[PDB]
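Presented below is the structure to which this report refers.
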2 protein chains.
Amino acid sequence: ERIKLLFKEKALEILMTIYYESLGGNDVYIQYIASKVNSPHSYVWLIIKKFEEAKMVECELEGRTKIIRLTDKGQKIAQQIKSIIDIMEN
Amino acid sequence: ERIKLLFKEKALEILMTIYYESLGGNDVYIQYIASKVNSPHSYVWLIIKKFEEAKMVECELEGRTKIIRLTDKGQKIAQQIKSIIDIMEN
């Protein structure tokens, strides 16, 4: 609620989901993402495409499953948003 | 445009306006803000009230002019959003 003041909650949910998921060791599949956020498959996809065009993520198809990886740029942004969320919820 | 993906452009415009204005030496008057952003006086006011309730800004009336000052919390957030904008537009 306090984060929605400055951020687009849904696009943020996606980014941070990708971020925490990747630093966990997992390959980030788009299906897992949609299952973690409050957005339908179509929306997560639209946002993911937007991230990729902004060079924050890079995508790849492995068989029929779409894998999403953060570029260094996407990584730096997620890390700084994390400290802002910390500062926010505190 | 690339910033609107993750951020609420209008609330962001206000915060960064306050931030740059204050580090410039100026007292931040709400009138100057509305004159720098693409938001009507009513909106800048609504957003300012929201910042204050979130303890990012503190307000004060000097005569009939409203002065806005960033709390340490508001300051840290603005500084980190700045590096994200740098990273973004680059």
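How things are named: the first chain in the structure tokens is A, the next is B, and so on; residues count from 1 in each chain; ligands count from 1 in the order shown.
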Legend entry - Residues flagged strand (DSSP E) by DSSP in chain A, as a list in words: residues 28, 29, 57, 58, 59, 60, 61, 62, 65, 66, 67, 68, 69 and 70 of chain A
Legend entry - Which of chain A DSSP labels alpha helix (DSSP H), written as an MDAnalysis selection string: chainID A and resid 9:22 30:36 41:53 72:88
Considering only C-alpha atoms, extract the chain A residues located within 12 Å of chain B and return them as a CSV table (one decimal) with N, CA, C and O atoms, in the first residue's frame.
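Output file out01.csv is given in full below:
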```
chain,number,residue,atom,x,y,z
A,1,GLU,N,0.8,-1.2,0.0
A,1,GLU,CA,0.0,0.0,0.0
A,1,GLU,C,0.9,1.3,0.0
A,1,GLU,O,0.6,2.2,-0.7
A,2,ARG,N,1.9,1.2,0.8
A,2,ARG,CA,2.8,2.4,0.9
A,2,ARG,C,3.8,2.3,-0.3
A,2,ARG,O,4.3,3.4,-0.7
A,3,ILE,N,3.9,1.1,-0.9
A,3,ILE,CA,4.8,1.0,-2.0
A,3,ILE,C,4.0,1.4,-3.3
A,3,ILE,O,4.7,1.8,-4.3
A,4,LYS,N,2.7,1.2,-3.3
A,4,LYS,CA,1.9,1.6,-4.5
A,4,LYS,C,1.9,3.1,-4.7
A,4,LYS,O,1.5,3.5,-5.8
A,5,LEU,N,2.3,3.9,-3.7
A,5,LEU,CA,2.4,5.3,-3.9
A,5,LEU,C,3.4,5.7,-5.0
A,5,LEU,O,3.1,6.5,-5.8
A,6,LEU,N,4.6,5.1,-5.0
A,6,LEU,CA,5.6,5.4,-6.0
A,6,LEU,C,5.7,4.3,-7.1
A,6,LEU,O,6.2,4.7,-8.2
A,7,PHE,N,5.3,3.1,-6.8
A,7,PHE,CA,5.5,2.0,-7.8
A,7,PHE,C,4.3,1.5,-8.4
A,7,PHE,O,3.2,1.6,-7.9
A,8,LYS,N,4.4,0.8,-9.6
A,8,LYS,CA,3.4,0.0,-10.2
A,8,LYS,C,3.5,-1.4,-9.6
A,8,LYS,O,4.4,-2.1,-9.9
A,9,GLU,N,2.6,-1.6,-8.7
A,9,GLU,CA,2.7,-2.9,-7.9
A,9,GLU,C,2.8,-4.1,-8.7
A,9,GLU,O,3.7,-4.9,-8.4
A,10,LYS,N,2.0,-4.3,-9.7
A,10,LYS,CA,2.0,-5.5,-10.5
A,10,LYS,C,3.3,-5.7,-11.3
A,10,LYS,O,3.9,-6.8,-11.3
A,11,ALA,N,3.9,-4.6,-11.9
A,11,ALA,CA,5.1,-4.8,-12.7
A,11,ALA,C,6.3,-5.0,-11.7
A,11,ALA,O,7.3,-5.7,-12.0
A,12,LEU,N,6.1,-4.5,-10.5
A,12,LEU,CA,7.1,-4.6,-9.4
A,12,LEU,C,7.1,-6.1,-8.9
A,12,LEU,O,8.1,-6.7,-8.7
A,13,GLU,N,5.9,-6.6,-8.7
A,13,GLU,CA,5.7,-8.0,-8.2
A,13,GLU,C,6.5,-8.9,-9.1
A,13,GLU,O,7.2,-9.8,-8.6
A,14,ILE,N,6.3,-8.8,-10.4
A,14,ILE,CA,7.0,-9.6,-11.4
A,14,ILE,C,8.5,-9.5,-11.3
A,14,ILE,O,9.2,-10.6,-11.1
A,15,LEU,N,9.1,-8.3,-11.3
A,15,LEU,CA,10.5,-8.1,-11.2
A,15,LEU,C,11.1,-8.7,-10.0
A,15,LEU,O,12.1,-9.5,-10.1
A,16,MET,N,10.6,-8.4,-8.8
A,16,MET,CA,11.1,-8.9,-7.6
A,16,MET,C,11.0,-10.4,-7.5
A,16,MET,O,11.8,-11.1,-6.8
A,46,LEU,N,2.9,-9.8,-21.0
A,46,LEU,CA,3.0,-8.5,-21.5
A,46,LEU,C,4.1,-7.7,-20.7
A,46,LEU,O,4.9,-7.1,-21.3
A,47,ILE,N,4.1,-7.8,-19.4
A,47,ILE,CA,5.1,-7.2,-18.6
A,47,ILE,C,6.5,-7.7,-18.9
A,47,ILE,O,7.5,-6.9,-19.0
A,48,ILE,N,6.6,-9.0,-19.1
A,48,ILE,CA,7.9,-9.7,-19.3
A,48,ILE,C,8.5,-9.2,-20.7
A,48,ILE,O,9.6,-8.9,-20.8
A,49,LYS,N,7.6,-9.1,-21.7
A,49,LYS,CA,8.0,-8.6,-23.0
A,49,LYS,C,8.5,-7.2,-22.8
A,49,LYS,O,9.5,-6.8,-23.4
A,50,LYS,N,7.8,-6.4,-22.0
A,50,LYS,CA,8.2,-5.0,-21.8
A,50,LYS,C,9.6,-4.9,-21.1
A,50,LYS,O,10.4,-4.1,-21.5
A,51,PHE,N,9.9,-5.8,-20.2
A,51,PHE,CA,11.2,-5.8,-19.5
A,51,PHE,C,12.3,-6.2,-20.5
A,51,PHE,O,13.3,-5.5,-20.5
A,52,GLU,N,12.0,-7.2,-21.3
A,52,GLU,CA,13.0,-7.6,-22.3
A,52,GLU,C,13.4,-6.5,-23.3
A,52,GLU,O,14.5,-6.3,-23.7
A,53,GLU,N,12.3,-5.7,-23.8
A,53,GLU,CA,12.5,-4.6,-24.7
A,53,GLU,C,13.3,-3.5,-24.0
A,53,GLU,O,14.0,-2.7,-24.7
A,54,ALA,N,13.3,-3.5,-22.7
A,54,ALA,CA,14.0,-2.5,-21.9
A,54,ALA,C,15.3,-3.0,-21.5
A,54,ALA,O,16.1,-2.4,-20.7
A,55,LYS,N,15.6,-4.2,-22.0
A,55,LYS,CA,16.9,-4.9,-21.7
A,55,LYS,C,17.2,-5.2,-20.2
A,55,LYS,O,18.4,-5.1,-19.8
A,56,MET,N,16.2,-5.5,-19.5
A,56,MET,CA,16.3,-5.8,-18.1
A,56,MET,C,16.2,-7.3,-17.9
A,56,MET,O,16.7,-7.9,-17.0
A,72,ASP,N,22.4,-7.8,-16.5
A,72,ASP,CA,23.0,-7.1,-15.4
A,72,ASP,C,22.2,-5.8,-15.0
A,72,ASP,O,22.0,-5.5,-13.9
A,73,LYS,N,21.7,-5.2,-16.1
A,73,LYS,CA,20.9,-4.0,-15.9
A,73,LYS,C,19.7,-4.3,-15.0
A,73,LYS,O,19.4,-3.7,-14.0
A,74,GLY,N,18.9,-5.4,-15.4
A,74,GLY,CA,17.8,-5.8,-14.7
A,74,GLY,C,18.1,-6.1,-13.2
A,74,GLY,O,17.3,-5.8,-12.3
A,75,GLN,N,19.3,-6.7,-13.0
A,75,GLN,CA,19.8,-7.1,-11.7
A,75,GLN,C,20.0,-5.9,-10.8
A,75,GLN,O,19.5,-5.9,-9.7
A,76,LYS,N,20.7,-4.9,-11.3
A,76,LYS,CA,21.0,-3.7,-10.5
A,76,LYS,C,19.7,-3.0,-10.1
A,76,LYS,O,19.5,-2.6,-8.9
A,77,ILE,N,18.8,-2.8,-11.0
A,77,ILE,CA,17.5,-2.2,-10.7
A,77,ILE,C,16.8,-2.9,-9.6
A,77,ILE,O,16.3,-2.3,-8.6
A,78,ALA,N,16.7,-4.3,-9.6
A,78,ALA,CA,16.0,-5.0,-8.6
A,78,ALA,C,16.6,-4.9,-7.2
A,78,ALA,O,15.9,-4.8,-6.2
A,79,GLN,N,18.0,-4.9,-7.2
A,79,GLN,CA,18.7,-4.7,-6.0
A,79,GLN,C,18.4,-3.4,-5.3
A,79,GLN,O,18.3,-3.3,-4.1
A,80,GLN,N,18.3,-2.3,-6.1
A,80,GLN,CA,18.1,-1.0,-5.5
A,80,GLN,C,16.6,-0.8,-5.1
A,80,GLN,O,16.3,-0.2,-4.1
A,81,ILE,N,15.7,-1.5,-5.8
A,81,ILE,CA,14.3,-1.4,-5.4
A,81,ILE,C,14.1,-2.1,-4.1
A,81,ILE,O,13.2,-1.8,-3.3
A,82,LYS,N,14.9,-3.2,-3.9
A,82,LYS,CA,14.8,-3.9,-2.6
A,82,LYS,C,15.2,-3.0,-1.4
A,82,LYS,O,14.4,-3.0,-0.5
A,83,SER,N,16.3,-2.3,-1.5
A,83,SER,CA,16.6,-1.4,-0.4
A,83,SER,C,15.5,-0.3,-0.2
A,83,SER,O,15.3,0.1,0.9
A,84,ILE,N,14.9,0.1,-1.3
A,84,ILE,CA,13.8,1.1,-1.1
A,84,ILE,C,12.6,0.5,-0.4
A,84,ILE,O,11.9,1.1,0.4
A,85,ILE,N,12.3,-0.8,-0.7
A,85,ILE,CA,11.2,-1.5,-0.1
A,85,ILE,C,11.5,-1.6,1.4
A,85,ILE,O,10.6,-1.5,2.3
A,86,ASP,N,12.7,-2.0,1.7
A,86,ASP,CA,13.2,-2.1,3.1
A,86,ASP,C,13.0,-0.8,3.8
A,86,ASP,O,12.3,-0.7,4.8
A,87,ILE,N,13.5,0.3,3.2
A,87,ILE,CA,13.3,1.6,3.8
A,87,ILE,C,11.9,1.9,4.0
A,87,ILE,O,11.5,2.5,5.0
A,88,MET,N,11.1,1.6,3.0
A,88,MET,CA,9.6,1.8,3.0
A,88,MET,C,9.0,1.1,4.2
A,88,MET,O,8.4,1.8,5.1
A,89,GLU,N,9.0,-0.2,4.2
A,89,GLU,CA,8.4,-1.0,5.2
A,89,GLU,C,9.3,-1.0,6.5
A,89,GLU,O,9.8,-2.0,6.9
A,90,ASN,N,9.5,0.2,7.0
A,90,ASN,CA,10.3,0.4,8.2
A,90,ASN,C,10.6,1.9,8.4
A,90,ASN,O,10.3,2.3,9.6
```
